[PDB]
Each structure stands twice: as structure tokens, then as C-alpha cells.
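Peer 1: Handing you a structure now.
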Amino acid sequence: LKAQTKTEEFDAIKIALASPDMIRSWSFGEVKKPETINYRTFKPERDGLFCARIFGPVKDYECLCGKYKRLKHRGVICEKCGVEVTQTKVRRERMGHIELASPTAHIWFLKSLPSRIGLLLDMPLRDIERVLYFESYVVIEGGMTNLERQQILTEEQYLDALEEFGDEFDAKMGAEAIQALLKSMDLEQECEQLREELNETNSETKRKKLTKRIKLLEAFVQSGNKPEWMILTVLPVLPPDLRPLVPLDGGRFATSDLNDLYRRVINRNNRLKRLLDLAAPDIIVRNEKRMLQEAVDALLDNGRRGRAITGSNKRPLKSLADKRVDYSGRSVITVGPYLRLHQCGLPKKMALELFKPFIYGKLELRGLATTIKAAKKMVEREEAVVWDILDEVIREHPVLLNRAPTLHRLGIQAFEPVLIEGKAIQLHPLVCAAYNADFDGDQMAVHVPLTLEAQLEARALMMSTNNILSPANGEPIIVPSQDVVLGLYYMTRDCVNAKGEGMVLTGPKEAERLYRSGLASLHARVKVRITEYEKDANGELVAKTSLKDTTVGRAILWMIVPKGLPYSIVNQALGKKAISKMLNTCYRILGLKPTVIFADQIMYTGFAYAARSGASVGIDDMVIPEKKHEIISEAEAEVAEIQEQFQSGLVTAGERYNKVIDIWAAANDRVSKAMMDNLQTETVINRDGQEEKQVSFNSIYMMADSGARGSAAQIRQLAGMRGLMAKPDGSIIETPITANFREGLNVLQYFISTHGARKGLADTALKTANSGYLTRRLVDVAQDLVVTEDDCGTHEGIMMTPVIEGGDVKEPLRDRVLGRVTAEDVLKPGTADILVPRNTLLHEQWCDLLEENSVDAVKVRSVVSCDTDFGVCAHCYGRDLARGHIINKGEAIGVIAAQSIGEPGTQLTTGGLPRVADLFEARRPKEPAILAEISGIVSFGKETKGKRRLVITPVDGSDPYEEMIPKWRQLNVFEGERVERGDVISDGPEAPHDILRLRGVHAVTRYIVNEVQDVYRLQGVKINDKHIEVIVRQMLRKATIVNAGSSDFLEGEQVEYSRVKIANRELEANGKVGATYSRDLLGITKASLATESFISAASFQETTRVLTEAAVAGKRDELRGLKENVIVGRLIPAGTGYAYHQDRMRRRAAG
Amino acid sequence: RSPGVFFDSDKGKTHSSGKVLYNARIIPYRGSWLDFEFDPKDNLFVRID
Amino acid sequence: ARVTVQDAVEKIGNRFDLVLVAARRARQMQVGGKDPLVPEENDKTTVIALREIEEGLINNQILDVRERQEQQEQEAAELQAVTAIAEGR
Amino acid sequence: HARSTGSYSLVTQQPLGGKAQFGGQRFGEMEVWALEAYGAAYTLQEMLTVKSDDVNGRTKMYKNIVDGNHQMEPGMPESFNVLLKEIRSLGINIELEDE
Amino acid sequence: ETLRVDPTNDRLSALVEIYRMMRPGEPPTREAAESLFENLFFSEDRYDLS
Amino acid sequence: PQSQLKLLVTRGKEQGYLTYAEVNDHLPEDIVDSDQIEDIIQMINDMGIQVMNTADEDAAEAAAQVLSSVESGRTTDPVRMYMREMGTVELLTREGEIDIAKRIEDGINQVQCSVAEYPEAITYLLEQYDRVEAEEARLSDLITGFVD
Ligand SMILES: [Mg+2]
Ligand SMILES: [Zn+2]
Ligand SMILES: [Zn+2]
């Protein structure tokens, strides 16, 4: 079958140099005149920057002169002025050209610091430029006489050399010279010489540059490009519609600067033609040629040179080198607690305007409207019927909600529209956590999933209820926020004595019946008969009932708790954490739907009982310690004691300072732990006896304790004194703020407080941008990484143990191994007993079985060790997602990894967020420790010059290794003792490169993850090891070959490519010629630099250099990646489109 | 910044030597700036603007 | 409405293939070549297709079989028509 | 604010409010990452092709929307086409290979 | 030491180096160096501290 | 005692960072250009960046930078190269003008006399005037007038 010619769905893309004829191919005419339009009848002047003949008609299917105006005549070229009558859109398509009188250098190739003409000719830049401006001659193919080929001469020198040799010697100057140079150049011969010369002389300096240049040359050859094309003969002109002359109000016009530039180029070129026909002296024509070069250079890229300015406007004209979406909206948002988790309140008018086409279609579908026009007129009139029609089109049609600072994927969530009277969008409270959306006037945006696939994608993926879990860690993101948790807290709780204390009831029904009638208090100690279930039978619910000692409120709350959950979960005090673990267990036990509806009911009851609770905040609710004033007085004794000591000279200045600052710092803690006790347990009440005491029912304490809002620090600042403040210098004042917010703050105290406020605001505002930037670098380094294969089937993995830092368990084993697959079957303390067989996803039950037994460690498969090339297999990755099931095939994990790492990054403050940055960047620390290069006994050699050399002595092996260690740095290593490779030869931080090379891949992959996780966990942030492990996988992607037999020696190349080539070379081919390598750690920003697709790279990298460097190589972008397919505007090679791209990829490169 | 003469330091970061540095700057209401500045070699310099 | 696609995901495990297949079915119904396999509650073709996935009476295998059958349903019609095109000889 | 189908920019065809009828909301890179994190390709394609930058795709879609047929015949976004022309206007030859 | 790093010798030489520093690329002139340098900080027109 | 550009380089490397102002003055007196810096910040930035995070490769980012240091004279800006190129041509003397003009006269009169010595150059004019009086042409398109 004949392949194809006319437009199909294309694959890949190719970029290369353009031939003069190739350029003329695109051009449908030459633009010979600087003129644009006629100035009276605004029609385009023929063959000018704007032309109907060359480019296209000014109006659809209408000839310029107006001969053929009919839609019938089409392929007709008019006789008066040749214009094919066709849509005016082809004036946005057809290109043009200009035939340049003299050759002109292409400024991108001339100066883009790989000066391409230069390093292709092995000729320095200044020589090339000196030639181009006619400031000197350059030899070309000098033959056998006196002179080198690339050698440059001057006026006198050229004259003399010419007088000596008339022929068999050649020299030119200007653009023509460079062109002749390039054209004359034979790549083949140069290669043949370079190979021999490479082989003969042995020096690093020589053959390094030699091999680099031969590689460049052969690359350029295989490219298909020819050197001549670097020098411009024909200059293509951009279609007129892309540089519009379009009019405006008041008769004035407006136009692109490209018209000014192109006009300049055309004028100077024409003047050059004339000056050639007029036979001007050289001094003139040279100047005109230089001016033409300037004009063209300014036209292409005006960035370089002196930056020519547009007419009458100082601002430099924008040169060639130099998204809004329909069906959308936005507004201020409100609460709407009545909403179910799967829906959101959508304003009437908004939904009307948004679904307008749907409404038209449905309206004339049922027959309510004669035609579409009538439908428009109907909804424009807002006739009463259309509303009901809208209710039809809204029902099963989801909408997308989005907030401004989008970080993690939950930043956009799909809901089901519920028509609302008002202009505000009602957003479900439980989602307010995911969005990071307060109600202080934050606005949200709505989108409409037009296509069927978009509706189903919205419902099965982006839906609210389908994502109940943070992608960062398995913990529920639907956790009740504030009012609700204060509700369940006030509900589930007990005081010492209350109505119905001690009585007994048949069940929750009459418990609530007792409460609502005012007979029994919400919180009272009571024994009630409850029936709790358990699914502990195989796939089956077991029922049991008993007398539980609980409170009225907890009994009432139990009515909500579904099925197999134990009563024990609602028998606590019900804080935010317990109220979260409740939902979590509910999810890992009953499944999704029960968890959803449970969460809803929890919110409703929370708000209800919080409302009933009558919880408020008064000024007497914040209790200042009675002993505060006394503590103040005592520390104030300390300060004058130390003062009197400084006056007697017993203590120094700095010592006095530290002492006073310490005594105040202690005073703060004293007052704090006074007010805390007083605000905590001080309620003293009586049940049938004298007295007794319990946790206070005081409001603000309830808020802070439940987890609704407020915290011990802030409560500390309300009641007790607040801190010691520090100057902008960062020195901390030794006279702290003794007054608190409840008390009045005098002038000073406030003024000293202000700095802290502003530095606070500023720093937060800055860390916003920092977090964002980090997220950007992270998504750039990952992106295209997506689950591709299913199971790679490697036994390889990392050893998971609890962190055990200092004292007991800074993080457990169960957390680290949860949701992860086992590398190999692990064992009980006794063996021939396989509890967890081979590779099995370790879920809650499994991890609990591991917890039953005493197991201290589990080998776990990771994304960093996965044998799959160009991606990750689902088996290795893990489970975690919005769903508890194992990761789907085709889900893009790099994006969610980066998102999950960067989202909490706002909460981060060596240490802090810049520490995370430094870690991922692989940067060597300021004052690093040096590891032992090789095992064996060591000794200190030579003497002091800049360094004192350390000589290693391996037992069996040789000792060529001697490392020169600067001696002014105090050492560690024992000069009379043996040290293993990767031991401490000094203290201080260690470069991850060293950890990788000397210790191992798993060693460094552990170092990174543990360090960044130290940073996050120190700030109380949950991020699963997975994501960081994928970022690490991307960090170590490259490697440097050591041995040979296939590829070049020092080449940095993909571990995927390499391993693919050696595993392919271990069999067939040479028996094994397979080459060794060395894994290499690359910082995220550096690893991001490496991408196969040039369309992708042209995005985030420097555009000019990328396009050029790709163009000279004739690089063919096959797409295959996310970014490039986004740019080109087709289905992402992941997720829903993964099947497509799969299928197509298989159809391609095949029969 | 008020017109007049101004004496600054730029201690620390400059050339990471801890040797600090010292610079004077004459800022007119309207006109060219007259800058004087040292270097690690203790050689006084002057720059207009 | 269909609040949770968990069951539909349970049937066909990929969950993206869920969206793809359910899209195909929803298309079979939306521009009518066909009719629902489950009672329509006024649920749009989207939700109807999802329900059809839940009840296990719709999936890639089934749809492909049906379509491949229809190819021959139409092929049996044109059997005289296209064999009448012996003019190519 | 709300918009279904409004006016469009001349230079690059993109939604632009000219009547005080507002232009569509801007879909950013981070939002594209959000759609990328979800397995939703079609939502993204229709987001940056048919709903916005495709001069043919928008009308060809609208007719289907009113016809009662939810589909998309995406074609190529006008921005990347403009970029094809801008790159090709230089000495750079950019081609679309195969079939 | 500063004088030791001074490439110039007399008044005119210093004026040439200053003029070349301010407006490089173009040939210096005696009247140009004098005019410039006197017009910088010493002119009632081009300079005021008020 | 001399070679300039090494020092801003060798220092910029040892400090690990240099202010955007640090390179400007430390640059040799050779390259003063404004748009010069634009790509050299990228050059130093891929090998040890300070734009006030890079590639550890270095190597060729120095050899080419030195190639940019040798490329630091001719400031391009064709106004300059022109003004200088024409500035070479010597001024004319009042008599020299007469010399040159006389040479012109000799030349043009030579070619005119060479034309007059061609028989076909005569016959053509005759036939053309035969076309003029035949209303196949006009007097203005043949002669601009004789001497007169
Ligand atoms: Mg806010
Ligand atoms: Zn015509
Ligand atoms: Zn794997």
C-alpha cells in the first residue's frame, strides 16, 4: 500500500538546517518591496510585506481587485492580479522569502557560544568576525604554496602573497569567504586525518580535544546538514497574519515590530542590489553589506548586538527569537455544610452561562425550541422552563473546582453541581483541608468537562469521594477540621457528676432519647448495652453484645459508626487524631463507600453537637497564673544579682548576658507550666462526696486540647508572658515581654513585637516562592517517569528497619514497610516457616502479622532498584494512592512524587527547606569529611606543603592510592590502625558523591532519604519514603563508562541505555564485550537538564541554544514524553492516554 | 537615600576573606556618582557611577 | 448518581481502562446505536455505563466481541452488494 | 465571572474578553501537573486544545455539544503551529515525520 | 601602593584614561577629556548636591 | 607580570561565586560590551554559577571562555568600522579634483569615440530615426537633443 502524502496524524518531529531551495519551497513569492498598504484604500500593495498575490486574500473567498467575489470560483488565479480566492486563514499560513544580494551570516549560528561555524571550522570567533566585517582576509584552500588553509591575512599581506603567487592560492573576505570556507570543507578527509592523529600522539590534552572534534564532525555528517546552510542566501518571511497591521479606533493602526525589522532588511538589501548595478566603490558596498548583516541579525535575534529600536519608540523591537480556557468561571466561596462530600453548590447564573451550549442542545432536543437561535433567545429571556432543562443537564455532569496555589493533585477536585441561589460557590467543609482554602475571601475557579471521556475521567479520578487519602502518605485527608472535632469532642467526653450518672440503658437509641428530653446529660458516666460487630470471621461479620462502661454522648455517637468497627474507637475522648484514626481504620476495614458516608455523618453530627454545645470564648476564659507575678519577681532577682556581679567584675560581659538571658528563658517556661496546669485540671467538682478533679471544661482549653484550633504555644501567649524578642540583627533582648495579650501591652513591648511580626510575614511570603521553585525543579527532574511495566521481577531492594535514633523509635518499622512489597520471603525467629511469601503487598493485616512476631527488619523493593528501563514497574513501586490498592499501570508517579514532596514545603523553616534543596542538589558541604579510599592500614607521608600526604596500604593489593590531605584540618584516622573503605578519616558532613562511589548505591539512596526525612519529620511532616526514592532514582540516572568494547571511554550516559546494551551484549554479539561503568549522582537541577526530546528542553532551558544545538545535529524528537506532548497538544503518554500511546508506539517500529 | 557622603563596609561576604572592606560614596541630588572603594590588597580605587 | 466507582474499579482493575471502556459504552448509548443493559434511573449515559461495568455485563472483552459480531452482521447484508462489484475484473 | 464561548485573540487564537464578558480562566503549568498526576489525559487535551487554542476544534466541538454528541476531534493547537512558522521563518527547517 | 598600580603619569594621561573609561571604544581628545571631567562633578549645570 | 583574564576567572572559581558587579570591573579593559556579559554569565554559570545549580563538567566552558577572552579594537557597530574605514581616504586637493575630472573626461570621451567608429552604431541610429518619422517611435526616446 502507498504510504501517504496528504495530512494524517503525524508521528515525532524533525529539525535541521534549511537549504536555499528548501526555503524557497515554503515561499509562495518573493517580497520585493518595503511597502505595506496603499495608504488610502487599505488593500495590500502587490509583492510587499503585506500582499494578496504572494500570501492571501484580505477577505474570505474574495479576490483583491474584486473580479471573482463568488464562493463558486475557488482554485481560480485571477487575471488582473494573481490571487487564488480562498479563505483568509491561508494568509496565516503561506510563507514568503527574500533573495539576498550578498551572503549573510545566521546570527544564531554565528554567536551562540557554541559558535557553530567556528567550532565546525575549528576557527576562532574573532577571526570569523574580523573576516565578516572586511577587517581582514582569510585563506581558503591555499593549496601548496606558503600558507595554511584557515590562516588569516591583512591588506598588505594579501597583496604581497598575491604578487608572489597569482594562482594555486586563494583568499576572500566577508560572508562570501566564510561560505566558501564551509562549502570547500570536506568532512570525510578531516575525519580520516583526525583518526590517525588521534592514534599517533599520546597526550591527554591532544587526543581529548581530538576525539571530541572527530565526534562532533561525524555527528554533523550523519545529521544530513551541510555547512553552507549556516550562511543565509534566501531569507524566509513570516506570514502577514502573524505580524498583523490591523486597524483600531480613531482610525489609528497597530502592528508587530517584525514589520519594521523586515522592512529594514528589504530596504538595505534592495539598496545593495542598486549599489551593485551602479558599480559603487568598495568602501560603500562593504558598508551596505555590513548594514545588511546588521539588519538580518536584528531581524532574527535582536538580543545580541546593540539592540535596534523601533520607530518613534525607545523600546527595542521584539525579534523572532524573542492558557485562557473556555467553559470556565470563578468567584468567592462559602461553606454549605449541608452538602454531601461528593457535591458543591453552584450559582444559578454561573451554571446557566457555563452550560449554555448544552442548554441550547437539550432545549431543541426535546422540542421546546424551534431552532438554536430560538434557544439562545429563550435562555437570554430566561424563560421559566430553561431552569428545569438546566437541572437535567447538571445532574450526572460533574464540574471541576480549583484554587489558586495548586500544589498537590488534590488542588483540583471534581464535584457534582447543585443549583444555588446566590453568586457564591458552596464548598464542602471536609475538602477545605485539601485545598488549603480559608473562608476569609479566597476565590475558586470552575471548569466544565465537555467530552464524555472528560466527564468519566472527572468522576472516576478527579472526583472528591474517589480521593479520600493524601498521595503523600496513607493518612486520610478528609479528617474533620475544627467545629466538627470540637463537636465530637464535647459530645464524647465525661465530667465527674451529671444527670443520669450511673444509670443503665438498653442501647444508644434510648440513650439519645434520654439526652434529647433533657433528662440525661450529654456527658455522664453510664453503663449501656451495645451490640458491636466484627468481620474477623473469614469474609464474614460476627455479632456480639455486652455492657460497656461509657458516656451518654459516646453511646449516641455509636449510632453513626458502621458495622464491624469496635466500640473501643468511640469510647475514648475523641480528639482530632483519634477522630482521624477512626476514619482510617474504617477505610482499611469496611471499604470506600462506608468510609465516605461515615465521614459525612461525622461532619454533620460534629457541626450539630458543636452548635448545641454553646461553646464560646470570653475574656475570663483565658486564666493568668496566680503565681505569675511571683515568678517574674524571682527571675527579676536573678537579673540584678548577675548585674551586681558584673558591677563587681565577678562575671564578664558576655557571660552576664548569657546568664540573664538564661534566667529569663527559664522564667518563661515556669510561667508557661504554671498557666498550663491551672488551665488544664483546675476544675474541682463533687460527686456524692467532698471533692474530685478532672480535665477542665473551660472553652479555650477544649479548643486547644481537641485539636480544633489553638495550641499550647498560642495559649501560652494569651495567658502567660510571651517570649523574648530579638532585633533585626537577630540578637535577642534580655528584657523579655512580661505582659501578655490578655493584659495590656505598653508602647515598647509592641514596638519590639513589630519586627518579629514583619520578619514573620516577609519570611513566610518568601518561603512560598521557595516551595514553589522547589516543586518546579522537582517536577522537571521527574515528569516523564511513569509506571510502565507491571512486574520487573527483581529480588533487589533496600533493607527496612525502624530508624532507632538516639532514644527509642523516632519512627517505627510498620510505617516504613507499610504499603510496600517484600523483596524476598522473610521468616519467623524459627524457620522453614514463610509468613510473608516472596513478593506480596504488605497491607494493614500483613504488617500486623509482622508485628505479632518479633520481626526487626524487612527487605523491600523500591523504585530506585527496579530493573525496568525507562520507568518503574507497579510491583516495585508500592500501593499508596487515593485508593488502598496497589498502584495502577500508567499512573504518572514522578509528578505526584514531586507534588507530595513540595506541598508541605511551605511549613518548613544546618536545617530547614534550603537543607532539602542542598540535599536534592547533591552539593558538597562547606567543610566535608573525607572517607577512606580503600581498606587497609594507613600512614601519614611526606611533610607540610599545602597538604600532608596520606599513604594507604592495602593488605593484598597494591598501594598506588595516596591522597593529599590538607594538614591544617584536624584528622581522625589512627595512623597506626587499619581503616575500612568508607571509614571516617575526618569528621564533618559527607558529600553524597563520596557515599555513592565509596560505600554504595543503596548507601547513598539511604543517606538522601534519611536526611531529607530528618528535615521533614523534625517539622512534623509526613512524607512516605517512596517519593524521595523516585527523586533519588532520577538523581542517579546517569553513569560514566570505565572499560570499553562498545561505547566511548569517558561518556556520561544513561544507566538504562548502558545496562540495556551490556545485558544485550552479555549474549549474542561478542561473547561478552560488555563494558563496565560507574553509577553517578546528579543534582536534580542537573539531571533535569538531560532530556531526549528537544521540544521539552526548549521549554524550561534556554530556548535559543537548545533549538540551535538540536538543529545542527538534525535531532529527531520522537515525543514519548509528557511535556512535549503537552506542548504539541495531544494526549499525555500516561494515564488515560497511556493505552493510546502504547498501542501507537507498538504499531510504529513494526509491520 | 539622602544626598551627601556615605560610608559603608560590605564586611563578611566580600572575597570570603573576613578581611572586611570599606567604601565611601558621594551621592549628589542630580549628577554622576563618585565611588571610592578598597580591595583585599589595600589598594584604594575610584569609580564614576 | 454514582458516588464511588470502587466496584467498577474492582471489576476491571486498571481504573484508567475503567474510564476508557465506560467511555466507549457511554458512546454506544449517547449517540444511539444501542440501548441500556440496566434500568435507566434518568442517570446519564456516563453513570449508566458505570453501572453496566458494576454488574459485570460490560467490559473490553464483551464490547469487542459484540462489535466484531456486528462487523459480520453488516457483512452478511452487503454479501450480494459487494459481490455484485465483480466489475473490477 | 463565567464564560462558555466568548471572543478570541487575533495574534494567537485564545479566549479573550472584549465585551466586559470575561475571558476564560487561565489553566497553568501547575494545573497541568495536577491533571497529569490524575490519570486524566482527555481532560487535559480538551483543556489545552479544543476548549482554548484550536481554532477548528472549538467550533467542531460546539456543534457536537449541541448535537448531543460528546466527543473531540482535537487537531493541532494554533500556538504550536505559530511556533512551527516562527521557527521555520529562521534558517531552521522543522518537519513532521512519518505517518 | 595605589600609585604603584596607577598606569598613568601626568594630568593629561589620567584625563585620557578617565575619558576612555566613561566613553570607551572611541578616540580621546584633550578638549574632550577636559570638558568631560570638568562637566562631571565640577559643573554648575550637570552637578548639584543642593 | 601581566595576562589579564585569568584572574577574574581563577578568583571567580576559588570563591565559588562572584557578584554581577564583580566580573564587570574584573573583566579586562578589552571587552567592555553590555551584551557581551549576557552569554558569559551563562558560561561561568554552567561551571560554578553566580548570577548575582550547574554542571560539574567545566572543561570546555573555560577553553571557550578564554576563546571569548581572546575575542575581546573592533566593537562592531558598523557606524564604527565604516567611520574608520573611510577615515583612511585622503582629502582632495583643489587641483587633484581637476586631475580626477580630467581623467574622467578622457575615459568617457574614449568610449564615445569608440562608439562613433562602429558602422553599426551609425546604421542603427539611421534606422531608428527612420522609425521615428514613421510614427513607430518618438523623438524623445532616440535623442536627448544634439549639441544644442
Ligand atoms: Mg487565606
Ligand atoms: Zn482580481
Ligand atoms: Zn521493579
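Here, A, B, ... name the chains of the C-alpha cells in the order displayed, residue numbers run from 1 inside each chain, and ligands are numbered from 1 in the same displayed order.
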So that I can check the surroundings of residue 385 (chain A), please list as number ranges by chain every protein, DNA and RNA residue that reaches within 9 Å of it, counting only C-alpha atoms and ignoring chain neighbours fewer than 4 positions away.

Peer 2: A: 368, 389-390

Peer 1: Please identify all protein, DNA and RNA residues within 9 Å of ligand 1, counting only C-alpha atoms and all ligand atoms, and report them as a PyMOL selection string.

Peer 2: chain A and resi 436-442

Peer 1: What are the residues of chain A lining chain C at 8 Å or less? Count only C-alpha atoms, and put the answer as a VMD selection string.

Peer 2: chain A and resid 342 395 to 396 452 to 453 455 to 457 459 to 460 465 to 466 592 to 593 888 to 889 1135 to 1136

Peer 1: Can you tell me which residues surround residue 80 (chain D) at a distance of at most 10 Å, considering only C-alpha atoms, apart from same-chain residues fewer than 2 positions away, and format the answer as number ranges by chain?

Peer 2: A: 1127-1129; D: 12, 53, 76-78, 82-86

Peer 1: Would you list which chain D residues are within 9 Å of chain C using only C-alpha atoms, as a list in words?

Peer 2: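 Within 9 Å of chain C on chain D, we get residues 39, 40, 68, 69, 70 and 71 of chain D.
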
Peer 1: Print the selection's residues with N, CA and C atoms to a file, as an mmCIF file, in the first residue's frame.

Peer 2:
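Okay, part_20.cif is ready:
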data_model
loop_
_atom_site.group_PDB
_atom_site.id
_atom_site.type_symbol
_atom_site.label_atom_id
_atom_site.label_comp_id
_atom_site.auth_asym_id
_atom_site.auth_seq_id
_atom_site.Cartn_x
_atom_site.Cartn_y
_atom_site.Cartn_z
ATOM 1 N N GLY D 39 -4.933 10.398 36.283
ATOM 2 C CA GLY D 39 -4.707 9.691 35.037
ATOM 3 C C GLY D 39 -5.491 10.277 33.879
ATOM 4 N N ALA D 40 -5.922 11.529 34.024
ATOM 5 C CA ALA D 40 -6.832 12.132 33.058
ATOM 6 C C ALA D 40 -6.083 12.842 31.950
ATOM 7 N N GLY D 68 -25.616 16.794 20.829
ATOM 8 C CA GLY D 68 -25.864 15.795 21.850
ATOM 9 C C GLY D 68 -24.808 14.716 21.826
ATOM 10 N N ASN D 69 -23.733 14.982 21.093
ATOM 11 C CA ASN D 69 -22.624 14.047 20.991
ATOM 12 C C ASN D 69 -21.403 14.626 21.685
ATOM 13 N N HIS D 70 -20.959 13.965 22.743
ATOM 14 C CA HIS D 70 -19.786 14.427 23.451
ATOM 15 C C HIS D 70 -18.591 13.677 22.880
ATOM 16 N N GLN D 71 -17.765 14.401 22.131
ATOM 17 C CA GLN D 71 -16.532 13.867 21.554
ATOM 18 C C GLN D 71 -15.552 15.022 21.424
#

Peer 1: Taking only C-alpha atoms and all ligand atoms into account, which residues have an atom no farther than 9 Å from ligand 2? I'd like them as a PyMOL selection string.

Peer 2: chain A and resi 62-69+77-85

Peer 1: Could you pull the residues within 9 Å of residue 34 (chain D), counting only C-alpha atoms, minus those fewer than 6 positions along the same chain, as number ranges by chain?

Peer 2: A: 406-412, 895-896, 899

Peer 1: With N, CA, C and O atoms retained, could you export that selection as a PDB file, in the first residue's frame?

Peer 2:
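Okay, part04.pdb is ready:
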ATOM      1  N   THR A 406      -2.097  25.923  43.540  1.00  0.00           N
ATOM      2  CA  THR A 406      -2.176  24.490  43.254  1.00  0.00           C
ATOM      3  C   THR A 406      -0.833  23.811  43.468  1.00  0.00           C
ATOM      4  O   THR A 406       0.121  24.085  42.746  1.00  0.00           O
ATOM      5  N   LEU A 407      -0.770  22.884  44.417  1.00  0.00           N
ATOM      6  CA  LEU A 407       0.478  22.185  44.683  1.00  0.00           C
ATOM      7  C   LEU A 407       0.331  20.699  44.407  1.00  0.00           C
ATOM      8  O   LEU A 407       0.774  20.211  43.368  1.00  0.00           O
ATOM      9  N   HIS A 408      -0.296  19.981  45.334  1.00  0.00           N
ATOM     10  CA  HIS A 408      -0.586  18.561  45.136  1.00  0.00           C
ATOM     11  C   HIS A 408      -1.839  18.363  44.285  1.00  0.00           C
ATOM     12  O   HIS A 408      -2.689  19.249  44.210  1.00  0.00           O
ATOM     13  N   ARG A 409      -1.951  17.195  43.658  1.00  0.00           N
ATOM     14  CA  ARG A 409      -3.022  16.932  42.698  1.00  0.00           C
ATOM     15  C   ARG A 409      -4.425  17.199  43.233  1.00  0.00           C
ATOM     16  O   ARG A 409      -5.337  17.497  42.463  1.00  0.00           O
ATOM     17  N   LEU A 410      -4.593  17.117  44.549  1.00  0.00           N
ATOM     18  CA  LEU A 410      -5.882  17.403  45.172  1.00  0.00           C
ATOM     19  C   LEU A 410      -6.268  18.869  45.044  1.00  0.00           C
ATOM     20  O   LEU A 410      -7.371  19.261  45.425  1.00  0.00           O
ATOM     21  N   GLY A 411      -5.355  19.675  44.513  1.00  0.00           N
ATOM     22  CA  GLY A 411      -5.616  21.084  44.284  1.00  0.00           C
ATOM     23  C   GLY A 411      -6.768  21.306  43.323  1.00  0.00           C
ATOM     24  O   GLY A 411      -7.380  22.373  43.313  1.00  0.00           O
ATOM     25  N   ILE A 412      -7.049  20.306  42.494  1.00  0.00           N
ATOM     26  CA  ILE A 412      -8.223  20.338  41.633  1.00  0.00           C
ATOM     27  C   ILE A 412      -9.054  19.088  41.900  1.00  0.00           C
ATOM     28  O   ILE A 412      -8.545  17.966  41.836  1.00  0.00           O
ATOM     29  N   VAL A 895       5.267  12.946  38.867  1.00  0.00           N
ATOM     30  CA  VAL A 895       4.539  14.174  39.137  1.00  0.00           C
ATOM     31  C   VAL A 895       4.013  14.190  40.563  1.00  0.00           C
ATOM     32  O   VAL A 895       4.241  15.149  41.299  1.00  0.00           O
ATOM     33  N   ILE A 896       3.349  13.112  40.967  1.00  0.00           N
ATOM     34  CA  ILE A 896       2.769  13.056  42.301  1.00  0.00           C
ATOM     35  C   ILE A 896       3.848  12.976  43.361  1.00  0.00           C
ATOM     36  O   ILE A 896       3.646  13.413  44.489  1.00  0.00           O
ATOM     37  N   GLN A 899       5.039  16.589  43.666  1.00  0.00           N
ATOM     38  CA  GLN A 899       3.961  17.342  44.286  1.00  0.00           C
ATOM     39  C   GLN A 899       3.888  17.054  45.775  1.00  0.00           C
ATOM     40  O   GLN A 899       3.738  17.966  46.587  1.00  0.00           O
TER      41      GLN A 899
END

Peer 1: What are the residues of chain F lining chain E at 10 Å or less? Count only C-alpha atoms, and put the answer as a PyMOL selection string.

Peer 2: chain F and resi 29-33+73-75+80

Peer 1: Next, the residues of the selection above should be written as a PDB file, in the first residue's frame with C-alpha atoms.

Peer 2:
ATOM      1  CA  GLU F  29      39.957  46.616  29.678  1.00  0.00           C
ATOM      2  CA  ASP F  30      39.455  44.880  26.321  1.00  0.00           C
ATOM      3  CA  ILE F  31      35.832  43.671  26.426  1.00  0.00           C
ATOM      4  CA  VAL F  32      33.569  46.381  27.864  1.00  0.00           C
ATOM      5  CA  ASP F  33      30.417  45.484  25.911  1.00  0.00           C
ATOM      6  CA  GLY F  73      39.637  47.028  18.611  1.00  0.00           C
ATOM      7  CA  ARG F  74      36.525  46.281  16.582  1.00  0.00           C
ATOM      8  CA  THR F  75      33.404  46.956  18.615  1.00  0.00           C
ATOM      9  CA  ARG F  80      32.352  52.485  13.641  1.00  0.00           C
TER      10      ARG F  80
END
